[PDB]
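The chain below stands alone and is given in structure tokens; this is the form deposited in one PDB entry.
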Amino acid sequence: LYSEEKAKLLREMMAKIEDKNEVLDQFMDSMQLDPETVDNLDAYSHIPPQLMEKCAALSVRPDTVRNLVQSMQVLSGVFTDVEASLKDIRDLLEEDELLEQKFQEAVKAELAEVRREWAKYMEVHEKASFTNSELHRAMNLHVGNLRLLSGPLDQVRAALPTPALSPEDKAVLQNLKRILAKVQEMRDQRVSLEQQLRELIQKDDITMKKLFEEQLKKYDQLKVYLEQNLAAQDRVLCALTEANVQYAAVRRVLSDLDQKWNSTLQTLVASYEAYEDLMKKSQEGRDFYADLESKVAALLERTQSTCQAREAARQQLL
């Protein structure tokens, strides 16, 4: 009979709180602003734990970059050596063709096999070259980062981009977080006063009927506090929207800085995680081209021997 009056008072107050909260949420969500402001600033200067983990892990095996680069050195040397031997085989064969035509104007089997093997190894080198150039491209892609993670930490941190906000921008941000703090305080106060109202309503058990006009007076104070809370919103929203206007540009800046930070970090992680593959593919190249160099050097020997034997067999001229 009297709980219905309290339920009415509570209903009115909850209607007001719900409307105001609704508009507030529309503005706040429309501004992409949250009391957990995405200004970070602190984050930009702190090396990510996972990165420092990777650095410390590289400090236990300091022959990473060294062994990789040296492997690529050997590989390159064998590469150009193979090219040189192939060229020498070609030259010897063309000289033999010349001498054979001269001899034949004024007057085998092994030679054909040699020529075929030469074309064969020329093609093998041709196809492997793509693999090799891909390996060099990966080397360029990752070696610098692998060398950065293997060095001092201050350089790893130096690689990360940092803000350079003018003092004006700093003031703008501080004002924005001040107003956002006021909004948060206002919301916490709103929920707190709500719970105080519910608590006093629930425990208010009473025992002509004008007594209601007297016993409902115990809510007048909480109603004053709540009206003050709800009526202060429009102004703090005006201030917050003005500050946000002054904040759009710094938002742009710090957003681009965020994405650059993340891209840098991701590239460094990618290089660290690619090292192993780099090493195994470099070892594969070294094996492939050590064997190929072996076969091409043997072919060169047999070419010299066969062309010398042909030029010697041209003794009919004696």
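One rule holds for the numbers: they count along the sequence shown, beginning at 1. Each form is matched to the other, and the largest set of C-alpha atoms that superpose within 1.5 Å is called the rigid core.
Visitor: Please say, as none, 1 to 3, 4 to 9, or 10 or more, how many residues of the deposited sequence are without coordinates in the interval between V107 and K108.
Guide: A long stretch, 10 or more residues, is missing between them.
Visitor: If you average the CA temperature factors over each stretch, which comes out higher, 270-278 or 31-39?
Guide: Between 31-39 and 270-278, it is 31-39 that shows the higher mean C-alpha B-factor.
Visitor: For the higher mean C-alpha B factor in the entry, choose 66-74 or 41-49.
Guide: It is 41-49 that shows the higher mean C-alpha B-factor.
Visitor: Using only the C-alpha B-factors in the record, can you name which of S85, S150, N175, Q221 has the highest?
Guide: The listed residue with the largest C-alpha B-factor is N175.
Visitor: Out of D91, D205, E227, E123, which residue has the highest Cα temperature factor in the PDB record?
Guide: Each of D91, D205, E227, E123 was compared by C-alpha B-factor; the highest is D205.
Visitor: Going by the CA temperature factor in the PDB record, which third of the chain does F79 belong to: lowest, middle or highest?
Guide: Ranked within chain, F79 CA B lands in the middle tercile.
Visitor: Splitting the chain's C-alpha B-factors into thirds, which one does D96 fall into?
Guide: Within its chain, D96 is a lowest-third residue by C-alpha B-factor, going by the deposited values.
Visitor: Within this chain's modelled residues, let me know which third the CA B factor of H136 belongs to: lowest, middle or highest.
Guide: CA B-factor rank for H136: middle third.
Visitor: Sorting by Cα B-factor within the chain, modelled residues only, which third would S263 end up in: lowest, middle or highest?
Guide: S263: CA B-factor falls in the lowest third of its chain.
Visitor: Would you check the entry's CA temperature factor for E185 and let me know if it's in the chain's lowest, middle or highest third?
Guide: Middle third.
There is another form of this protein, the form deposited with a partner chain bound, and it is not shown here; the text below is about that form.
Visitor: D63 versus the partner chain, in the entry with it bound: is there a non-hydrogen atom within 4.5 Å?
Guide: Close contact is absent here: in the entry with it bound, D63 is far from the partner chain, nothing within 4.5 Å, heavy atoms only.
Visitor: Do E227 and the partner chain share at least one heavy atom pair within 4.5 Å in the entry with it bound?
Guide: Although the partner chain is absent here, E227 would stay clear of it in the entry with it bound, with no heavy atoms inside 4.5 Å.
Visitor: Is it the case that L292, even though its partner is missing from this view, gets within 4.5 Å of the partner chain in the entry with it bound, heavy atoms only?
Guide: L292: yes, in contact with the partner chain in the entry with it bound.
Visitor: Spell out, yes or no, whether the shortest heavy atom distance between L278 and the partner chain in the entry with it bound is within 4.5 Å.
Guide: Output for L278 is yes: heavy atoms within 4.5 Å of the partner chain.
Visitor: Within 4.5 Å, heavy atoms only, which of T131, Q202, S192, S76 is in contact with the partner chain in the entry with it bound?
Guide: Residue within 4.5 Å of the partner: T131.
Visitor: Only one of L237, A138, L222, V156 has a non-hydrogen atom within 4.5 angstroms of the partner chain in the entry with it bound; which is it?
Guide: So the residue touching the partner chain in the entry with it bound, by this definition, is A138.
Visitor: Only one of 146-154, 122-130, 181-189, 80-88 has heavy atoms within 4.5 Å of the partner chain in the entry with it bound; I'd like to know which.
Guide: Comparing against the partner chain in the entry with it bound, the contact stretch is 122-130.
Visitor: Please look at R115, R157, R190, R147 and say which one has a C-alpha shift reaching 2 Å or more between the shown form and the other one, core superposed.
Guide: Once the cores are aligned, the residue moving by 2 Å or more is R147.
Visitor: Does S133 move its CA by 2 angstroms or more between the shown form and the other one when the core is aligned?
Guide: Comparing forms between the shown form and the other one, the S133 CA shifts at least 2 Å.
Visitor: Any CA movement of 2 Å or more for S71 between the shown form and the other one, core superposed?
Guide: The answer is yes, as the C-alpha of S71 shifts between the shown form and the other one by 2 Å or more after core alignment.
Visitor: Given a superposition on the rigid core, I'd like a yes or no on whether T241 shifts its C-alpha by 2 Å or more between the shown form and the other one.
Guide: No.
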